[PDB]
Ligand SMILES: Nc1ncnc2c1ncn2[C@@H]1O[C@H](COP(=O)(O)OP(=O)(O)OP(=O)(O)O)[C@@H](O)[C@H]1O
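Just the one chain here, the form solved without this ligand, laid out as structure tokens.
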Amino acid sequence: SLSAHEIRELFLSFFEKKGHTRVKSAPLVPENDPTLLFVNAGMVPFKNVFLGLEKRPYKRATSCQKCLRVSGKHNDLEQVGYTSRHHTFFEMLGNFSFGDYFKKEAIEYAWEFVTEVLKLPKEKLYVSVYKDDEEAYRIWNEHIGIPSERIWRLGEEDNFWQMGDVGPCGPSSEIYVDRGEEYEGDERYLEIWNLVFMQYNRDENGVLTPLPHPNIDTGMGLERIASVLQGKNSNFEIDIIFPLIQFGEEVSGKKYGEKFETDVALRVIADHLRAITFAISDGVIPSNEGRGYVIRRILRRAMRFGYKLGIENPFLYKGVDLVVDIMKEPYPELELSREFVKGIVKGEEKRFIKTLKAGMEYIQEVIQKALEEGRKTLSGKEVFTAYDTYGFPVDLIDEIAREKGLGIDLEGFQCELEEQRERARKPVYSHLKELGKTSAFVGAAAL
């Protein structure tokens, strides 16, 4: 019913209709936060304002934020392709108070938007609050008029938010849509909005004291809500994503929705195309460490799944064109970076494709021999070969082996690394013993 592009502008213009200043998406890469690789949510750009370190001409903000979930405590990379809900890159709609309005308004606005602007039947909406948050329950039940039967009081894991282990925190309220009895669990009661009531400060001892000025933080995933409004069962079948699945079909000659493993590769390519396009446009260069390596991995993973579909040549650079053309309205700057991003991608593909094929042969070889001889893991040496000789990211090796039931000898791989680190001994820096763990985020040459 509503195009993804349409949903975005509405959200923005609706909150703009209420004192909110439309702040544009901060780049995926944090200008000054060398600890965090990518912006993973809404408030990150606004973090200091929520703390009182940065002032702002406004007390109300709204935005559609370019987000990546490929690092640290918010890392969905391992799941991308296997489900219908996970992303590397995605857009988050948010409304924030610093701290002007609190729970009531945040709830009032959110209810209005979902009922009036989104036009979703109110009897098909469920809400969750923190069991100890009586104020929030009250607002929903009495003031908004949600029957007690469509309100959930849940615990800390479900309804309490924290900025970190210390600092600003508070209860949260999530809005769900009952998609029908034809579904199950969180797929039936699909969350579309998370409202955060930044109410408390947690000190170094874990004690919670009230904040002088309560804050508001919210997040609504654009791809997910669009799937509800477009009646889709997957984020990948939406107007602004499905064309990329079709790009995968056209190049491979395989069809979506026939074989599960075929769809996985298709979803991986479609999603990764958006990630690489947006990251390289925002200034990231594929390298062997940090932000550059995460995208190298993403790009390599996509190359691998395409080759799994029988694509013997580079194709990912062609997909950039589609993404740019699909996302040029809300992000007109993607057009200035188009050819630049395309060239970078093609060069990366061209640089690694032959080494990927040769590596896949080696990996499938030792994998096959291990099954013939009754081995349940790839030895440390074999993992080091594919990682060092063929430049395969560890996570990728672990995933290819996982396809046939084999794990990877982690202690043996750690051992092998010290022995290699030793060849120089007898950029990036690793504690000894960290090396096994550090190798999941850097290329072999970086060690």
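Start at 1 with the first residue shown and count on from there.
Missing here is the form solved in complex with this ligand; even so, the following discussion is about that form.
Chemist: Applying a 4.5 Å heavy atom distance criterion, does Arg267 contact this ligand in the deposited bound form?
Modeler: Although this ligand is absent here, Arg267 would stay clear of it in the deposited bound form, with no heavy atoms inside 4.5 Å.
Chemist: Is there a non-hydrogen atom of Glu191 within 4.5 angstroms of a non-hydrogen atom of this ligand in the deposited bound form?
Modeler: Although this ligand is absent here, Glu191 would touch it in the deposited bound form, with heavy atoms inside 4.5 Å.
Chemist: Would you check, heavy atoms only and a 4.5 Å threshold, whether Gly167 touches this ligand in the deposited bound form?
Modeler: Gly167: no contact with this ligand in the deposited bound form.
Chemist: Using 4.5 Å between non-hydrogen atoms, is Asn235 touching this ligand in the deposited bound form?
Modeler: It does: once this ligand is placed as it appears in the deposited bound form, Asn235 has a heavy atom within 4.5 Å of it.
Chemist: Of these, 216-224, 294-302, 105-113, 259-267, which stretch puts a heavy atom within 4.5 angstroms of this ligand in the deposited bound form?
Modeler: Among the listed stretches, the partner-contacting one is 216-224.
Chemist: Quick one: from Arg351, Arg179, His86, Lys308, grab the residue that has a heavy atom within 4.5 Å of this ligand in the deposited bound form.
Modeler: The option sitting close enough to the partner is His86.
Chemist: Can you pick the one in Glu249, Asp239, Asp76, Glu335 that has a heavy atom within 4.5 Å of this ligand in the deposited bound form?
Modeler: Result of the distance check: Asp76.
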